[PDB]
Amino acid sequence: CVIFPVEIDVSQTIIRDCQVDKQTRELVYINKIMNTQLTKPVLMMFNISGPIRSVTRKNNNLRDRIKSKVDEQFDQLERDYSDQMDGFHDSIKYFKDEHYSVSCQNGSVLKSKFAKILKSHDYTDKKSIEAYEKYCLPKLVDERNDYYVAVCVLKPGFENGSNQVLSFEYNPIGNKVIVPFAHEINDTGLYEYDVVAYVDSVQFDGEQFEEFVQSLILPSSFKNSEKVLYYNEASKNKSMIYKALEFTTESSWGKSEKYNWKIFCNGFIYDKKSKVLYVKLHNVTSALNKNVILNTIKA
């Protein structure tokens, strides 16, 4: 998530983190990188709540199943009265998934090991090393280094249109899980997000979710009267904290019987019964650049 070199353009990040057993959890992390030049590797790093133990291999369809599952929780919040975008389109699966090379650093040793790490990847100039320490290191360590760091390397020859993927099991320190939403720092202070996540065996944190959702800026539909609404709702077994873009259009089938659109819902949907968290931050921007940190279920 904290990506280096800092130029690098990414989108469509998909994440899944599930309890494997009482002391193991698995992180599946998928994204799509846009650069073609790149002669050196992409070093993507991010915080996790415990040491990595082994990498896993998932089936070729997991990616779309994660995304489909997240989307079907949010669709339920929307009211999209348009069937235009229609006719699925002739794009075909063709590019094979690329795999990041994974290693792990205890948060406590990263500051003393980072330059060594860049060097093993042929990044030796002062320019690159200072960029990393200025824009990346800070999103990976804080004087209270109790969390770990996943170091993901992407060899440079990868094919543009590929999904870059990785998955591994780790051992959470103290019933914590870190969903790696944070990005490397940038000069403007505004960050763009485009990610969905599925995380199970987790406790609800209404306040952390409110803070994240209130900070979100949604995409505009460019209609005259659009308004952004903020929701902090609870149904039978779900808690929903999100924003939605809403507006009105006159009835084509009735007279003054208007249509109340409710689209681009982004936020957090928590299933109180399954203990599952669904997150969607699709094309939204925010000044908050942080991970979501939760407590796992205890027994």
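One-based numbering along the sequence shown.
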Quiz item: Should the higher mean CA B-factor in the entry be assigned to 219-227 or to 187-195?
Solution: 219-227
Exercise. On mean C-alpha B-factor from the PDB entry, just flag whether 254-262 or 64-72 is the higher one.
Key: 254-262
Quiz item: Of the choices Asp142, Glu210, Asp97, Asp200, which one's C-alpha carries the largest B-factor in the record?
Solution: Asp142
Self-check item: Candidate residues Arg57, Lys243, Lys32, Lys272, the one whose C-alpha B factor the record puts highest
Solution: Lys272
Quiz item: Taking the C-alpha B-factors as the PDB entry records them, is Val42 in the lowest, middle or highest third of its chain?
Solution: middle
Quiz item: According to the PDB entry, is the CA B factor of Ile297 in the bottom, middle or top third of its chain, that is, lowest, middle or highest?
Solution: highest
Self-check item: Third assignment of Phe181 from its chain's C-alpha B-factors
Solution: lowest
Quiz item: Going by what the PDB entry lists, where does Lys290 fall on CA B-factor within its chain: lowest, middle or highest third?
Solution: middle
Self-check item: Cα B factor band for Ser235 (lowest, middle or highest third within the chain)
Solution: highest
